[PDB]
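Written out below as structure tokens is the structure these notes cover.
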Amino acid sequence: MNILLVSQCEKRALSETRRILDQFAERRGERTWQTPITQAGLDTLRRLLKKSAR
DNA sequence: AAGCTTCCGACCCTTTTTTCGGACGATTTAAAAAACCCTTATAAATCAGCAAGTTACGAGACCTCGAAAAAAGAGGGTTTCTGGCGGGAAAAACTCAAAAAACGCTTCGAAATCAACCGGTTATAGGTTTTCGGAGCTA
């Protein structure tokens with residue numbers, strides 16, 4: 001399972017999103033990450049982002 | 001000798017850093033302009049309290065615009081409370097059947113009886129007091 005993530009967030013939300021994703025993948029651009037990851041991990045990732053969405 | 005691969009020089013273009021120049025501001029110094037002083041007897045201002053007439057400054061009010069704060073509206077999400085539907089087990093009606101059990105025939109003669117009133121029997125409605133079961137609690 002191989003993932004590519006992009007963020008269109010802005011203002012206060014962008015900082016929070018960076019706070020989460022940076023702990024799961026190396027950053028490849030200003031707003032994008034790319035990494036391999038297991039299915040369970042990805043589920044945890046989405047759950048975490050949802051928990052504090054704006 | 002030829003082809004492939006790799007450096008190297010020449011150049012082209014744009015961005016990033018440095019240097020220089022120019023301009024503007026600030027400060028200092030010098031020059032120019034406004035001003036101060038010294039001579040005045042005579043003319044005008046000083047001021048006394050109050051009247052009579054007027055207003056420059058203060059207060060009130062409203063408007064105007066702009067911005068700030070608050071409230072509302074929107075959207076993202078999670079947790080839970082309820083309702084509907086589906087599924088398995090138990091109950092009870094429904095269907096099928098037998099075997100008793102009652103009823104009738106049908107009893108002339110043997111109990112059953114009601115009545116009022118006494119004493120006596122005792123099931124139990126109702127209330128009173130109490131073990132058993134469960135509360136979970138805690139590692």
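The figures follow:
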| read-out | value |
| --- | --- |
| From the options A:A40, A:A25, residue that is of a type outside the set (S, T, Y) and under 12 Å from the mean Cα position of the chain (by Cα) | A:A25 |
| Positions within chain A being in contact with a strand residue (DSSP E or B) (Cβ under 9 Å, 6 or more places away or on another chain), loosely packed, with under 10 Cβ neighbours inside 10 Å and polar (S, T, N, Q), in sequence order | A:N2 |
| Residues that are part of a helix (DSSP H, G or I) and either in contact (Cβ under 8 Å) with a residue 40 or more places away in the chain or more than 18 Å from A:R54 (Cβ to Cβ) (or both), drawn from the range A:9-42 | A:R12, A:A13, A:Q39, A:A40, A:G41, A:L42 |
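Note that each Cβ is placed from the backbone with ideal geometry, even for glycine, and that neighbours are counted across all protein chains shown. Since every read-out is calculated from the coordinates, none of them should be taken as a lab result.
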